[PDB]
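Participant: The structure's right below; bear with me while I get my questions together.
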Amino acid sequence: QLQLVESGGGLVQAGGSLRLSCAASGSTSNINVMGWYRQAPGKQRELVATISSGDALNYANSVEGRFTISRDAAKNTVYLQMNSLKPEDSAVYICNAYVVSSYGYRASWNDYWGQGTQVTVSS
Amino acid sequence: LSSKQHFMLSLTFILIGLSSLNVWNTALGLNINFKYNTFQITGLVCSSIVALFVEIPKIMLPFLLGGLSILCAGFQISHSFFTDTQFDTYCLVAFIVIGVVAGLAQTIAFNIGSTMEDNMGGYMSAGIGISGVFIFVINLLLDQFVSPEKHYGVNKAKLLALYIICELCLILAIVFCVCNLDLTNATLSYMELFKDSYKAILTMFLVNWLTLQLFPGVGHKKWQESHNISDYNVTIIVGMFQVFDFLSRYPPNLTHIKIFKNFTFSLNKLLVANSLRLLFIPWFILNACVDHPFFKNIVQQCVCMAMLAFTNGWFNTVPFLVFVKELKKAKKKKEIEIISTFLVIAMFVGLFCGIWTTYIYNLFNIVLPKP
């Protein structure tokens, strides 16, 4: 199977900074783009930031200039830095992977989701 | 979903792929006439391109598999009790519709595999490869137990045996699919997507355009008609293209191993790798133009086709695995799937353009004189 480990969530004051670490063990080299998705309580899933294998940076329009996401291909770990946290970002962030299964003449993609960490900011 | 149902689903997907490619593999093995192969490839590519854009109903898959089975039955009955002209007309129209139906079946099976957890695209591809290997193995086993009567240029007993094997595989795949599968129920413009991932499209058209340029009608058709290769040796020659082509698509996948670390390299190095593949054209032509004993050798002919077979599949999976690295402006997950649609389209154009440019060599006086 493919397993994802996430750590860094917690309760901090507004305007803080946290570092979220996501790592993959099962699939080593077939991962194409890893990213983070947030799901607010009583709300649907939304995109936060994804980094591809060729260093392609994607972001949500509401997090531009505040979140920095970096990758370390040596150990297949992707880290996300959040700066100046605000109350509306209180949600659960789940790491995501995008694996290509392309044994030939057809490319198929899979989504692997971790358990995720709960991030709440108040006061 | 426990282990038993997962195993059954993997088996039925492998079997669907195997039974879909069985017809093409046995058409290659039986030394069928070249124009039939061209018609089959044209039908397959046209149907695949059409079905990529249109969400065809997913219930019809067993119906077209049964149509494939009855087409094989018609093939048998035409080789049995039809005269030459009607046999030719039938066989050609049947091959066109067979290509169309096989393309539709492949598209439907891949769509079924994609829209479910624990994708079976790898299992279907493994099924196609095992179809090639299985056809080669049964042809090799059948060669020494069948008299070569050569009714209409095709062995009667071999044709009957291979096609009844294909029919039984098709019907048992039908029952497996019915029992297992459930048949009830801001983006950038395409110009930016094309102008960005253009190397991946080009590197995939080139490999399929060149492989299908030679192997159909020059890989073993012109060698045997210019050197009088025995039918026993032809089966080895054609049948080892379809065993090394399947084996060559794995090493790119197991890149984590030290030995296969350099098998997936880059896109820029792929264009220069396809340029070196153009050196296969003189080698294939030279094998059908010189009588000097080294060229008139079974092992050299086998190895020369083996090298083309290995570089075909290996260069057909690399553009799928490395094109995401080269992407610059296509970052959304939706554009990754859209670009991948361009890649498979670029292959079918390569197969379609591959077969027809084989007729370019007809102008050249490649074939040696009969005496």
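Residue names in the structure tokens use chain letters A, B, ... in the order shown, residue numbers from 1 in each chain, and ligand numbers from 1 in the order shown.
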Could I get the residues of chain B with an atom no further than 7 Å from an atom of chain A, each paired with its nearest atom pair and that distance in Å to one decimal, using only C-alpha atoms, sorted by chain and residue number, as CSV?

Facilitator:
```
residue,atom,partner,partner_atom,distance
B:114,CA,A:108,CA,6.4
B:121,CA,A:108,CA,6.6
B:122,CA,A:103,CA,5.6
B:125,CA,A:103,CA,6.1
B:249,CA,A:103,CA,6.1
B:250,CA,A:103,CA,6.8
B:256,CA,A:29,CA,6.9
B:316,CA,A:104,CA,6.3
B:317,CA,A:104,CA,5.0
B:320,CA,A:102,CA,6.6
B:324,CA,A:32,CA,6.6
B:325,CA,A:54,CA,3.9
B:326,CA,A:54,CA,6.0
B:327,CA,A:54,CA,6.7
B:328,CA,A:56,CA,6.3
B:331,CA,A:58,CA,6.3
B:340,CA,A:107,CA,6.6
B:344,CA,A:105,CA,6.6
```

Participant: Go ahead and write the residues just picked, C-alpha atoms, as a compact mmCIF listing (two decimals), in the first residue's frame.

Facilitator:
```
# COMPACT_ATOMS: atom_id res chain seq x y z
CA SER B 114 -9.99 4.47 -14.20
CA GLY B 121 -4.91 -0.02 -15.90
CA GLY B 122 -1.71 -1.83 -14.98
CA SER B 125 -1.73 -3.60 -19.79
CA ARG B 249 7.60 -1.73 -20.73
CA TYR B 250 8.45 -2.95 -17.21
CA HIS B 256 13.99 2.29 -7.94
CA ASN B 316 6.33 4.22 -25.31
CA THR B 317 6.09 4.39 -21.50
CA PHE B 320 4.07 9.06 -19.93
CA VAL B 324 5.05 15.86 -15.91
CA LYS B 325 8.62 16.81 -15.00
CA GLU B 326 8.94 19.00 -18.10
CA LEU B 327 5.62 20.77 -17.54
CA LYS B 328 5.98 24.49 -16.83
CA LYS B 331 0.02 22.84 -13.11
CA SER B 340 -2.36 12.71 -21.29
CA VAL B 344 -2.54 8.64 -26.43
```

Participant: Name all residues at most 10 Å from residue 13 in chain A (count only C-alpha atoms; drop same-chain ones fewer than 5 positions away) and give them as a list in words.

Facilitator: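 The residues satisfying every condition are residues 84, 85, 86, 87, 120, 121, 122 and 123 of chain A.
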
Participant: Pick the closest to residue 288 in chain B from B:68, B:229, B:30, B:116: which is it, counting only C-alpha atoms?

Facilitator: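 Residue with the minimum atom-to-atom distance to residue 288 in chain B: B:229.
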
Participant: Could you tell me how far CA of residue 238 in chain B sits from CA of residue 25 in chain B, in Å to one decimal place?

Facilitator: 9.8 Å

Participant: For residue 5 in chain A, please output as a list in words all residues within 12 Å (counting only C-alpha atoms; exclusion window: fewer than 3 positions along the same chain).

Facilitator: residues 2, 8, 20, 21, 22, 23, 24, 25, 26, 76, 77, 78, 79, 93, 94, 95, 96, 97, 112, 113, 114, 115, 116 and 117 of chain A

Participant: For the residues in the current selection, export C-alpha atoms as a PDB file, in the first residue's frame.

Facilitator:
```pdb
ATOM      1  CA  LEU A   2       0.902   3.702   0.101  1.00  0.00           C
ATOM      2  CA  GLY A   8       2.516  19.987  12.537  1.00  0.00           C
ATOM      3  CA  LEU A  20       3.567  20.676   7.861  1.00  0.00           C
ATOM      4  CA  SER A  21       5.543  17.596   6.814  1.00  0.00           C
ATOM      5  CA  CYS A  22       4.147  14.917   4.498  1.00  0.00           C
ATOM      6  CA  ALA A  23       6.103  11.811   3.501  1.00  0.00           C
ATOM      7  CA  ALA A  24       5.397   8.781   1.319  1.00  0.00           C
ATOM      8  CA  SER A  25       6.758   5.259   1.767  1.00  0.00           C
ATOM      9  CA  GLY A  26       5.075   2.796  -0.606  1.00  0.00           C
ATOM     10  CA  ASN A  76      10.019  12.040  -1.046  1.00  0.00           C
ATOM     11  CA  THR A  77       8.852  14.532   1.582  1.00  0.00           C
ATOM     12  CA  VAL A  78       6.907  17.733   0.896  1.00  0.00           C
ATOM     13  CA  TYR A  79       6.789  20.551   3.449  1.00  0.00           C
ATOM     14  CA  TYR A  93      -5.271  19.767   5.967  1.00  0.00           C
ATOM     15  CA  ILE A  94      -4.806  16.368   4.304  1.00  0.00           C
ATOM     16  CA  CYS A  95      -1.730  15.589   2.232  1.00  0.00           C
ATOM     17  CA  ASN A  96      -2.392  14.286  -1.271  1.00  0.00           C
ATOM     18  CA  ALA A  97      -0.371  12.325  -3.821  1.00  0.00           C
ATOM     19  CA  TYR A 112      -3.691   8.921  -2.161  1.00  0.00           C
ATOM     20  CA  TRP A 113      -4.878  10.807   0.919  1.00  0.00           C
ATOM     21  CA  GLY A 114      -3.435  10.788   4.413  1.00  0.00           C
ATOM     22  CA  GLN A 115      -5.375  11.121   7.635  1.00  0.00           C
ATOM     23  CA  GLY A 116      -4.441  14.796   7.937  1.00  0.00           C
ATOM     24  CA  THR A 117      -3.984  17.119  10.893  1.00  0.00           C
TER      25      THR A 117
END
```

Participant: Could you find all residues in range 154-324 of chain B that DSSP calls alpha helix (DSSP H) from the backbone, and write them as a ChimeraX atom specification?

Facilitator: /B:156-180,190-196,198-214,221-227,231-239,241-247,268-277,280-286,298-324

Participant: I'd like the neighbourhood of residue 81 in chain A as a compact mmCIF listing (two decimals) with N, CA, C and O atoms, in the first residue's frame, where a residue qualifies if any of its atoms comes within 10 Å (using only C-alpha atoms), though same-chain residues fewer than 2 positions away should be ignored.

Facilitator:
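Everything below was put into part25.txt:
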```txt
# COMPACT_ATOMS: atom_id res chain seq x y z
N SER A 17 2.87 30.76 12.58
CA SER A 17 3.53 30.06 11.48
C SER A 17 3.73 28.61 11.87
O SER A 17 4.26 28.32 12.95
N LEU A 18 3.33 27.70 10.98
CA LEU A 18 3.48 26.27 11.20
C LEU A 18 4.11 25.61 9.98
O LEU A 18 4.03 26.11 8.86
N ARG A 19 4.74 24.46 10.23
CA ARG A 19 5.44 23.71 9.20
C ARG A 19 4.84 22.31 9.16
O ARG A 19 4.90 21.57 10.15
N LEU A 20 4.24 21.96 8.02
CA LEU A 20 3.57 20.68 7.86
C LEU A 20 4.41 19.76 6.99
O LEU A 20 4.81 20.14 5.88
N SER A 21 4.68 18.56 7.48
CA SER A 21 5.54 17.60 6.81
C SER A 21 4.72 16.40 6.35
O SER A 21 4.01 15.79 7.15
N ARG A 66 1.18 33.97 1.00
CA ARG A 66 1.19 33.64 2.41
C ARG A 66 1.71 32.24 2.71
O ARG A 66 2.33 32.04 3.75
N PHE A 67 1.46 31.27 1.83
CA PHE A 67 1.89 29.90 2.03
C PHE A 67 3.05 29.59 1.09
O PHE A 67 2.99 29.91 -0.10
N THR A 68 4.10 28.99 1.64
CA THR A 68 5.24 28.52 0.85
C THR A 68 5.37 27.02 1.04
O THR A 68 5.44 26.53 2.17
N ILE A 69 5.40 26.29 -0.07
CA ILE A 69 5.47 24.83 -0.06
C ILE A 69 6.73 24.40 -0.79
O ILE A 69 6.97 24.81 -1.93
N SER A 70 7.54 23.57 -0.12
CA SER A 70 8.80 23.11 -0.67
C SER A 70 8.86 21.59 -0.61
O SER A 70 8.20 20.96 0.22
N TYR A 79 7.05 19.72 2.29
CA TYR A 79 6.79 20.55 3.45
C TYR A 79 6.06 21.82 3.02
O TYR A 79 6.36 22.40 1.98
N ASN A 83 2.24 31.21 6.70
CA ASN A 83 2.61 32.46 7.35
C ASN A 83 1.39 33.35 7.50
O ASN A 83 0.54 33.42 6.61
```

Participant: What does the distance between CA of residue 271 in chain B and CA of residue 203 in chain B come to in Å, to one decimal place?

Facilitator: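 CA of residue 203 in chain B lies 5.9 Å from CA of residue 271 in chain B.
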
Participant: Just want the 12 Å neighbourhood of residue 307 in chain B, counted on only C-alpha atoms, with same-chain residues fewer than 4 positions away dropped. Output as a count of residues only.

Facilitator: 25
